[PDB]
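Note sheet for the following structure.
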Ligand SMILES: *[C@@H]1O[C@H](CO[C@@H]2O[C@@H](C)[C@@H](O)[C@@H](O)[C@@H]2O)[C@@H](O[C@@H]2O[C@H](CO)[C@@H](O)[C@H](O)[C@H]2NC(C)=O)[C@H](O)[C@H]1NC(C)=O
Ligand SMILES: *[C@@H]1O[C@H](CO[C@@H]2O[C@@H](C)[C@@H](O)[C@@H](O)[C@@H]2O)[C@@H](O[C@@H]2O[C@H](CO)[C@@H](O)[C@H](O)[C@H]2NC(C)=O)[C@H](O)[C@H]1NC(C)=O
Ligand SMILES: *[C@@H]1O[C@H](CO[C@@H]2O[C@@H](C)[C@@H](O)[C@@H](O)[C@@H]2O)[C@@H](O[C@@H]2O[C@H](CO)[C@@H](O)[C@H](O)[C@H]2NC(C)=O)[C@H](O)[C@H]1NC(C)=O
Ligand SMILES: O[C@H](CNCC1CC1)[C@H](Cc1ccccc1)NC1c2ccccc2-c2ccccc21
Ligand SMILES: *[C@@H]1O[C@H](CO[C@@H]2O[C@@H](C)[C@@H](O)[C@@H](O)[C@@H]2O)[C@@H](O)[C@H](O)[C@H]1NC(C)=O
Ligand SMILES: CC(=O)N[C@H]1[C@H]([C@H](O)[C@H](O)CO)O[C@@](O)(C(=O)O)C[C@@H]1O
Ligand SMILES: *[C@@H]1O[C@H](CO)[C@@H](O)[C@H](O)[C@H]1NC(C)=O
Ligand SMILES: *[C@@H]1O[C@H](CO)[C@@H](O)[C@H](O)[C@H]1NC(C)=O
């Protein structure tokens, strides 16, 4: 099956999914390759081609550093890129149902990875199940990460910043111009992403250039007001200058530096990205979004607080154990290969790792709020406390605060709390319901009866997929049929949220209330 797009014909391939068929278009280009003089610049528009572009395999992933902490371990390596790294990486994928739909709701995925890593070709991002089961069209794109996607000299178009966000945006534009030819409805587009993907989604709700490119938004374990999500104009300059010094590209003509950095191999630039931060943490975002004055006209907390954003429905949520994944990438006494019972002194040293530039008093205050023990004798007390600290500060409390702020301007919001630990999850049991391990269920992998998921997980994925699709299609994430628990809207007074798990789906109120008052009211003062 061949589809004419605005720049030429693309050839797809046919997949067999659950005694049915999905048509996949893998690796459609959506921009000029950002090579040569185009490196660091905004994405540029594609010239027409006259042949039939063969979009039958995933394209190159964007250049990025690889996580090497656990060679050969599936828990880490399932996130590493699975196509060639290349600067020539601006491509996207389309999964359309067979038979070709008439006017199908579109779902556009934006992956995470700290704005430094990630790729759409990952196994847990396979959109074929969603196309098959719910008859939506699924789209995902590669966008530039790390310095190549977010190096910033504010105002200088040679490296203005937010390039990777503009990559995402050009891809949203491609869906507006072309998805009708695939049987998709450009007027029913829902963005969803996880982690830095989710924070990207939240920034598309703030960027005026994106408002007409989508209908609704879903934010999984991430939002722009998370402390790791935005780099300051200060740090972006200090980081850019450090990179120039590390590469021997220190000049004075601000442009003669970009020229110099444009003659370096991608590998030299990736080498030096690690040391532009003076003190890194497991959550360091060396090169991320900035207030460029183009994609983002003001500091996003101000836009949020004053209601300057797209008015539409949002779906937001977090996992029970967001913080534990990061503990084994640096904290003392932690190991994925033992139960990581840490002492008080280990805990204290762990705060220095995750809060390097924070005062003695700031760290004491974290210790104080999180070491009032419901039982003071439990040996896991400090191990659990450190994960909760990292998770509440870095994910859970910023997401709650985004949802409160956003819903105060009249729009329906739905909040979930994911607390099912995958039965195939390769990390140890003390790490719990980890960051990123709801994605399997959102994409419907447990629906594959061949895998090792239980029947309970098939049913739970089955409802999540239904709820997500009903949110994309109708702005209302109900499962109206198998007598499901009704998901209430998140109001700033009541703060009702839905818990997702295999046993019992319940309505609760005011998640992590005590913890988030500390992080969102007090801690910003220090
Ligand atoms: C494709 O469907 C659209 C209508 O879909 C709606 O879009 C949003 C308003 C969303 O919020 C939901 O209500 C729906 O999913 C049809 O759009 C029409 O397009 C013509 C121009 O082409 C325009 O003049 C009409 O006003 C549009 N109708 C509406 C209700 O906005 C479109 O006709 C459908 N195309 C098909 C079925 O081929
Ligand atoms: C802003 O940048 C300076 C310079 O960073 C140093 O050089 C880079 C190439 C890279 O290797 C960094 O890791 C270096 O630290 C920072 O100042 C340095 O601070 C460290 C300790 O904090 C000190 O040992 C160095 O001698 C300092 N060098 C210089 C030139 O000042 C500075 O900390 C950065 N951040 C801030 C907030 O100023
Ligand atoms: C859990 O393991 C950590 C990490 O040690 C590594 O993993 C072990 C499973 C084993 O293979 C070690 O040889 C590895 O180096 C332990 O932390 C170490 O503890 C010792 C003494 O307490 C200390 O000298 C080391 O510096 C620590 N290593 C670190 C912090 O990286 C930890 O004690 C183990 N805990 C339990 C409960 O088993
Ligand atoms: O391998 C990172 C975990 N971090 C540690 C840094 C040293 C590599 C993560 C991939 C992963 C691992 C285990 C379980 C689930 C996902 N993906 C990113 C990331 C990559 C590089 C730099 C910063 C970040 C960052 C920052 C905040 C949130 C998420 C992430
Ligand atoms: C594009 O693909 C055309 C048809 O390819 C068919 O499917 C692919 C996946 C292969 O398995 C091939 O053997 C099949 O015939 C080719 O005829 C054409 O040459 C290709 N063009 C380019 C530029 O690759
Ligand atoms: C070093 C190593 O691979 N150790 C063990 C792994 C991992 O520690 C965990 O899966 C989390 O990493 O898990 C087992 O205990 C398990 O119960 O399957 C078997 C294996 O010996
Ligand atoms: C030097 O900087 C100026 C702006 O200050 C710029 O116009 C000029 O092009 C730069 N030099 C070169 C060789 O590009
Ligand atoms: C509802 O239950 C039936 C089994 O009785 C199942 O086949 C179907 O997939 C379920 N639907 C949803 C949306 O969970």
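Counting starts with 1 at the first residue shown.
Using the three backbone atoms N, Cα and C, a Cβ is placed for every residue, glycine included.
Among 195, 221, 365, 492, the residue that Swiss-Prot annotates as phosphoserine is 195. For residue 253 (N-linked glycosylation site), the nearest neighbour among the listed recorded positions (113, 114, 322, 435), judged by C-alpha distance, is 114.
Distance between Cα atoms for residue 397 (disulfide bond) and residue 435 (active site, charge relay system): 14 Å, as a whole number. Around residue 89 (disulfide bond), the same-chain residues at least 6 positions away in sequence with a Cβ under 8 Å from its Cβ are 33, 59, 60, 61, 62, 63, 142, 144. Nearest Cα neighbour of residue 238 (N-linked glycosylation site) among the listed recorded positions (113, 114, 322, 435): 114.
For residue 54 (N-linked glycosylation site) paired with residue 435 (active site, charge relay system), the C-alpha to C-alpha distance reads 35 Å.
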